[PDB]
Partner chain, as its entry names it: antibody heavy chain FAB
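One chain is shown next in structure tokens, namely the form deposited without its partner chain.
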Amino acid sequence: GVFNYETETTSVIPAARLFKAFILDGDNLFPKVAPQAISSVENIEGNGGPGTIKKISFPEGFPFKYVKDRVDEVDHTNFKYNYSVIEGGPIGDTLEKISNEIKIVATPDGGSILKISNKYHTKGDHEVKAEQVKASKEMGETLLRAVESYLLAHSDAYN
């Protein structure tokens, strides 16, 4: 079945720039700005649109070795990005996939709000518990803050 978790968070970076950097160039940026959270990002198949598979490797000592993420949809107009965790880490005989949706909305103060949905699809009925969702939110927030700091310090990046 499906467990749905939603959260919101804010950024001081304008939506279109954040989307370009944080969403569209995560493969380059994440290992660069947050090597302590993501060791590498490998493009396995696809040119960036629906169906593109990436392998995200975590550094030694992390709970999981890697996940493979599949790009589901990329909306350049409305700053929406949907992707699914389809292999590795928590995926296996109890969890089929985690389907994620991210939308970035402009705010009049020149920042943005990120609205995030994560839907865990389980095999049989055993539950997703707070600890796995908490860890996921922590990682996402660490990645956001690292990218934000980089975009603040490198004004010519992603204009």
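Positions refer to the first chain, counted from 1.
Beyond what is shown, the protein has a form deposited with its partner chain bound; the following relates to that form.
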property: Non-hydrogen atom contact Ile53 with its partner chain in the entry with it bound at 4.5 angstroms; result: yes
property: Close approach of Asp93 to its partner chain in the entry with it bound, 4.5 Å, heavy atom; result: no
property: Partner contact for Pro63 in the entry with it bound: its partner chain, 4.5 angstroms, heavy atom; result: no
